[PDB]
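Structure 1 and structure 2 below are the same protein chain in two forms, each given by itself as structure tokens.
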Structure 1
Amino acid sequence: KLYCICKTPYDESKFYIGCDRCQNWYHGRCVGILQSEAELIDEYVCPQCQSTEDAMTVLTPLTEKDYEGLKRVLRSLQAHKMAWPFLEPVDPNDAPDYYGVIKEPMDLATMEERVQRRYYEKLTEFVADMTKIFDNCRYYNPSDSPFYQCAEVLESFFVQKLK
């Protein structure tokens, strides 16, 4: 029976904190929780359990309520002052080779269509589409391009809105 992150036999003399979920025990030192602090918590959830929980959270089927959130985030990007180049599909007149270089184009108008028809089933998929907009930009344009830089800024804004 190996307990804790350190995977060691139980030592009757050491201080441990239990995780109800997985029923494992952790040396307060291994998870960095002082005994005084341990008393301040009612239901401790170990790191592994918390990680798995979050991983499962972002993959959970989206609910109508969840969509209120996706709509908000999408609208915030569309309203961003520097988001004008991604509101609609790239126009060849501005970049003749674009659609030959970018195999999976994406834009905010298309994401809006997909949001409306509830095309996304998990938060991960919605995030994938948005990331695609930024990745395509950084891929097509050189790093010293204002557009490449804009993609950088907008993605950080996106990550913040998601938090």
Structure 2
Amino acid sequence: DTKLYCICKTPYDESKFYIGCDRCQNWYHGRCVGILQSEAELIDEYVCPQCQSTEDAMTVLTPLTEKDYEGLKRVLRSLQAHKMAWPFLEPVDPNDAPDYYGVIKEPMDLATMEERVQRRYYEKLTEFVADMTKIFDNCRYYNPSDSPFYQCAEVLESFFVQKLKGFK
């Protein structure tokens, strides 16, 4: 066996403890991935750090499932019911915001997103996140940093990020 195992890329050492990753099927020194031999006994399926990292990054790129869509609706609704969401519920009315459409080239609001969710417009979570981010970026671009509108965007985006944790 001339294969270089683990993240450290070294030949197999029969005297050292290794744990196998069920995702990539490579073998890792327990110490290099933070797993103790006694600890391995209590582990069922094992996924190494690099594979876990890839899976985490993958979440926003994979196809949205019907279960994912039920989740998107849940997230949207929690945002719509949030106290700081009132400025983003519907498209901005020109009469309420001077030259808004002359400043904002790509408007977005929660009602438009709800419609997109309804017609399954999003194919990846990254697209949903992009529209939501657009709402907050548009607000912070149009409104001054000391206006409550700007602050509502800061609050809601922080709330949104937490809401998305462990989504898929």
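All residue numbers here refer to structure 1's sequence, counted from 1. Definition used throughout: the rigid core is the maximal C-alpha set that superposes within 1.5 Å between two forms.
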### C-alpha displacement of 2 Å or more between structure 1 and structure 2 on the rigid core, among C46, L70, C137, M106
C46
### Query
Relative to the larger rigid part, how many degrees does the smaller part rotate between structure 1 and structure 2?
18
### Distance the CA of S36 travels between structure 1 and structure 2 [rigid core superposed, Å]
7.5
### Query
So, with the core fitted, how far does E12 move at its Cα between structure 1 and structure 2, in angstrom?
9.6
## Note on the structure
Once the two forms are overlaid on the core, the CA atom of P96 shifts between structure 1 and structure 2, in angstrom, by 2.3
